[PDB]
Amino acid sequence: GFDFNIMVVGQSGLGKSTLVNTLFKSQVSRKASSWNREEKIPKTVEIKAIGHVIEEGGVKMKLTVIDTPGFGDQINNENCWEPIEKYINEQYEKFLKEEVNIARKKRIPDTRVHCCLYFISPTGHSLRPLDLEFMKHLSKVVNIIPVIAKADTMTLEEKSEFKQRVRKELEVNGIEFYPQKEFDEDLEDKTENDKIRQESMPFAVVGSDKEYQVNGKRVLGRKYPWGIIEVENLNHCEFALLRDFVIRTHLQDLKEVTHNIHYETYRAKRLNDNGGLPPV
C-alpha cells in the first residue's frame, strides 16, 4: 500500500467535506456522527486531519484528509493563509528528519500534502481577493487543484462563463496550479494536461451523500422539487472529471511533483539555514 494526503481549503459551507466523501465513496470526512457535522466556526484558522485505510484489491491506500476550519470565515481574514503554509512547511520538516530512515522501514511515513483542493464559491463574477491571495502564496509550495464549489447553483451558460473567467484570472496572475505545465514528461503528457488546464479546470464539482432512483437507475445526486442532479453525470457537473483525475490517473504524479519539486526546494533551502551545512 501507499500513503496519500489531501487538503481541502475554502469558506465554511462550500460542500468540502461532502465532496471528499464523494471522491472516495466513503465516510472519510472528519465530520461523521450526528451533531459533529454541525460544527462551530473557530475564531482562528485551525488545521485538522483524519486517517482512513481504503482497500481496493491489494491497494491499501492510507488516506489522510486535512481540512482547514476557519478559513475565510472571520470578519478579518488577513493573513489567514499563513497558518496553512506553516502546516505544509512543517510536514516537509517531518519528512526531512525521517528520510534518513534509522528505523529501516521499507516505506518512510509520508504526511506531506500531495494535493490541495481550493473551493471557489460560484459568484458569477470575478475571483475574490481571498481566492487570489491564497493561491499565489500556496501554489508555490503545494499542488493546488481549483474547483468550483456547488456547481448545481449555475446554469450551463453561467458555468461556462465562470470557468473561462477563473481560468483567465489564474493564468494572468501567474498562478501555476497543478498540473503545472513545466512538469509535463513528454508530448503525451502535454496533450492530456492541456485539455485539463484549458477545459476541464476548474472542476465544477457537485457532492452528494444520498442516492435516488432516476428513471430506473440508482444514482448519486441532490433532490430538488424541480429535479435531481446526478453527481456522476457529465451533462450535469464535472465531478467525474475530478475523480478520474485525482484518483484514477494522476494520483502518483501528484506525489512525485510534491517530492521532487516542492519538498526538494524546501530541503535545499533548509540545508543553507542555521549557519549552513555541518562540517564533514
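In case it trips you up, residue 1 is the first one in the sequence shown, and so on.
- The PDB entry reports B-factors from which the mean C-alpha value can be compared for 37 to 45 and 60 to 68; the larger average falls on 37 to 45.
- Between 112 to 120 and 77 to 85, it is 77 to 85 that carries the larger average Cα temperature factor according to the deposited entry.
- In the deposited coordinates, the residue among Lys255, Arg218, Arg243, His52 with the greatest CA B-factor is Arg218.
- The residue among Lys150, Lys94, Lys210, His125 whose C-alpha atom has the highest B-factor in the PDB entry is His125.
- Annotation for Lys159: CA B-factor lies in the highest third of the chain's modelled residues.
- In this PDB entry, the Cα temperature factor of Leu271 sits in the top third of its chain's modelled residues, the highest group.
- In the PDB entry, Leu251 places in the lowest third of its chain by CA B-factor.
- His137 sits in the lowest third of its chain by CA B factor, as recorded in the PDB entry.
- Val172: CA B factor in the highest third of modelled residues in this chain (values from the PDB entry).
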